[PDB]
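Next comes just one chain, in structure tokens: the form deposited in one PDB entry.
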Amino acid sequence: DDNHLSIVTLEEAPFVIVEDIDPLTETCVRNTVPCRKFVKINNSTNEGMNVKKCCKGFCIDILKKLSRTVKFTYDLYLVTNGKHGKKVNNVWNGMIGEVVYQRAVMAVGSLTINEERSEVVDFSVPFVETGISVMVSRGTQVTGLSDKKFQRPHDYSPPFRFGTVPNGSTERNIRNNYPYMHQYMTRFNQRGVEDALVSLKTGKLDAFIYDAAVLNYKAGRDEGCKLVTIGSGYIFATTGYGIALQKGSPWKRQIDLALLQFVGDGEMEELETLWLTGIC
């Protein structure tokens, strides 16, 4: 009961991957764990039902190790109110919101540590290196976010077309550091990573700006290997994915020491090769 925790997550491969629980069988296969997802009956009601699904991935594997080592059980569910977390009219949604408003004891996934989030929740040590990278077609010459094609887009004819996925930690950072770039970008907003990668390969987009760890994963599995990160590898606003906890959580230092232990004894690097080995 005290060691049975409400935990929230969000789908973003290869860190969190959601699979339909198959019928007839009722169970979740060997390497996956149960996760539930609140699905609405209709749009003229508040009525809904929790659909049982199955979750796997890097962060889920991390969650299992923590569950063993720190000794707790959990009820994992998928966020439905927004995604990773955005402050809207001074109110947090997404995974950050679920923790802030105490519907979840912790949040696990591709959750980026930044300053404004650290004000309303406690973060574990970073367990996945990330930040802001730029994905382009191979050969494209851009220094990075600080390149003047991004900073002052209309100084070029035709203007460089680049965009991000809104409402995440990447957009928050650009809005604060590069006001002109940001208000220029908005017209090239993408609904998600998949859309953006399609826009790149068909020439409708020149660059895609996003989370480094996800972009690096997608570069290594691109067909033709002509979609690369601009570094290639270097990162702006270096930070990490972290486990989000309620402010002053009693689980914090145990989770921290556990994650650091995983790093030191080789378990972390093996999860990397298991989930994030590419071809390119």
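Note that residue numbering follows the sequence shown and begins at 1. Only the largest set of C-alpha atoms that superpose within 1.5 Å between the two forms is called the rigid core.
The form deposited in another entry is left out here; the points below concern that form.
- Looking at 131, 126, 82, 166 after a core superposition between this form and the one not shown, you find that only 166 has a C-alpha shift of 2 Å or more.
- In the core-superposed comparison between this form and the one not shown, residue 101 has its Cα shifted by less than 2 Å.
- With a cut-off of 2 Å and the rigid core superposed, residue 201 has a Cα displacement that reaches or exceeds the cut-off between this form and the one not shown.
- Core-aligned CA deviation for residue 230 between this form and the one not shown: 2 Å or greater.
- In the other form, the CA atoms of residue 95 and residue 183 move apart by 3 angstroms or more relative to this form.
- In the other form, the CA atoms of residue 44 and residue 93 sit closer together than in the displayed form, by at least 3 angstroms.
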